[PDB]
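Please read the structure below before turning to the comments.
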Ligand SMILES: Cc1ncc(C)n2nc(CCc3nc(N4CCCC4)n(C)n3)nc12
Ligand SMILES: [Mg+2]
Ligand SMILES: [Zn+2]
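In the working numbering, the protein residues as written are 48 to 360.
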């Protein structure tokens, strides 16, 4: 109850910044996460014993894939932490509670394959969930872990508060389906431009939280260049494995997943920053002005990929 979590001075200062890297020491990531919940939510949001046991069950249910792993989960939660702290008064006690949990849980039991590969393989999960296949699985794995004995971090909540928080987590995790991002950003773009955007409209908040989730999920593009560059290696190492598997089913994979088109990665990053990342942080900066550093850092990394293409690295 009187037990603060603290971090070494460099982490204590740098963790508050959007571009923070959680580092290569796996055993400090649980502590980093608890630090963030305590500062974001209060030391009283969760029974510590239950929270610690929830974090370790979540960790155990991420797999050793190159990118969609426990490190990604904590990175995405840290980005959400920075957004929530730079926008203190815009968010409910329930949202602050739900959204950090949502980010930690959002890729639970990922196998390193896209929804498209599950569908062409005919994986049982593609029969149970026709759209946002992995994302419905991620929410389903979240609920399972919440129902393990001693794991109900939401036990203090009322019956209807509990239902509201699980509904925030569900929509948050569904919104990490990048297929849904495009339409969601377009709608938020037009609502903001016609002045109809209203944060008391629950369906408007949903879209905004949706965009925050895309922003947090893509946050490798908002880091220091060497972090950004080394994460792209992990991202492609999954995609190329999936490409190999596509070829094993006798299907030419899209270029994104073809290791034979390695040389075109820089140009693929350009497309991605222009088609997805820049638009995402642009619209997010408009709706939440204090998130501008994510847009600024995304633009800087775009410029670093331009440099790679021009032979300047
Ligand atoms: C940084 C990042 N964060 C999150 C996600 C989901 N992605 N996806 C990419 C790949 C983007 C991409 N790459 C290509 N290439 C085709 C030729 C070689 C590569 N295309 C067409 N599109 N990068 C990221
Ligand atoms: Mg995902
Ligand atoms: Zn993710």
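For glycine and all other residues, C-beta sits at the position ideal for the given N, C-alpha and C.
Rounded to a whole number of angstroms, what is the C-alpha to C-alpha distance between residue 213 and residue 310? By 1-based counting over the chain shown, the position of residue 213 is 166. By 1-based counting over the chain shown, the position of residue 310 is 263. Distance between the alpha carbons of residue 213 and residue 310: 44 Å.
Does the region 136 to 148 touch the region 210 to 229, meaning 3 or more C-beta pairs lie closer than 8 Å? yes
Flag residue 189 as yes when its Cβ comes closer than 7 Å to any non-hydrogen atom of ligand 2, and as no otherwise. For the purposes of this step, residue 189 is taken as the residue at position 142 of the chain shown. No, the beta carbon of residue 189 sits no closer than 7 Å to any heavy atom of ligand 2.
Going straight from the alpha carbon of residue 261 to that of residue 52, what length do you get? As a working note, residue 261 is residue 214 in the chain shown. As a working note, residue 52 is residue 5 in the chain shown. Their backbone Cα atoms lie some 29 Å apart in a straight line.
Is residue 312 near ligand 3, going by C-beta to nearest heavy atom under 7 Å? Counting from 1 along the chain shown, the entry for residue 312 is found at position 265. No, the Cβ of residue 312 stays beyond 7 Å of every heavy atom of ligand 3.
Identify which residue in 193, 92, 131 and 65 has its Cα closest to the Cα of residue 108. As a working note, residue 108 is residue 61 in the chain shown. Closest option to residue 108, Cα to Cα, is 193.
Residue 288 beta carbon near ligand 1 (any heavy atom closer than 7 Å): The residue given as residue 288 occupies position 241 in the chain shown. Flag unset: Cβ of residue 288 not near ligand 1.
Would you report the Cα separation of residue 272 and residue 102, rounded to the nearest angstrom? In the chain shown, the residue the question calls residue 272 occupies position 225. In the chain shown, the residue the question calls residue 102 occupies position 55. When rounded, the distance between both Cα atoms is 29 Å.
Pick from 66, 266, 182 and 119 that is closest to residue 320, judged by C-alpha positions: For the purposes of this step, residue 320 is taken as residue 273 along the chain shown, with counting starting at 1. Among 66, 266, 182 and 119, the Cα nearest to that of residue 320 belongs to 266.
Residue range of the alpha helix (DSSP H) that residue 184 falls in? As a position in the chain shown, residue 184 is number 137, starting the count at 1. Here the alpha helix (DSSP H) through residue 184 covers 180 to 194.
Within the same chain, show all residues whose beta-carbon is closer than 8 Å to that of residue 317, passing over the 5 residues directly before and after it, in chain order. In the chain shown, residue 317 corresponds to position 270, counting from 1. Cβ within range, chain order: 349, 352, 353 and 356.
Please check the pair residue 115 and residue 70, which I expect to be a contact at CB under 8 Å, by giving their CB distance rounded to whole angstroms. As a position in the chain shown, residue 115 is number 68, starting the count at 1. As a position in the chain shown, residue 70 is number 23, starting the count at 1. At roughly 19 Å, the Cβ-Cβ gap does not stay under 8 Å, so residue 115 and residue 70 are not in contact.
DSSP three-state label for residue 206, please. As a working note, residue 206 is residue 159 in the chain shown. Residue 206 falls in the helix class under three-state DSSP.
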